[PDB]
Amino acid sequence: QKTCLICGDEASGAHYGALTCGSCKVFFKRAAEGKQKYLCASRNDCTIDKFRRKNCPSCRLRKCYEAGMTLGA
């Protein structure tokens, strides 16, 4: 079972250095590049699952970085 390391959906491949779904690979590019500072409404430890991944952009981006995601040098 190929699985997004960030939200648990099916992965679609290895994107930006990590096994992710298509939703999370495009979020990462948008977030890591954007000029939109994401502040968590709680504790910087929200649960990122495939039903609530849109809830906290800050915690989703954090889980992307901790999964090894990167914009490739």
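So that there is no doubt, residue numbering starts at 1 and follows the sequence shown.
Peer 1: Mean CA B-factor: is it higher for 41-49 or for 27-35?
Peer 2: Looking at the record's C-alpha B-factors, the answer is 27-35.
Peer 1: Relative to the other modelled residues in the chain, which third contains the C-alpha temperature factor of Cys59: lowest, middle or highest?
Peer 2: According to the entry, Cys59 has a C-alpha B-factor in the chain's lowest third.
Peer 1: Consider only the C-alpha atoms of the modelled residues in this chain, order them by B-factor as the entry records it, and name the third containing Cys4: lowest, middle or highest.
Peer 2: As the PDB entry reports it, the C-alpha B-factor of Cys4 lands in the middle third of its chain.
Peer 1: Tell me, lowest, middle or highest third: where does the Cα B factor of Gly13 rank within its chain?
Peer 2: Top third by C-alpha B-factor.
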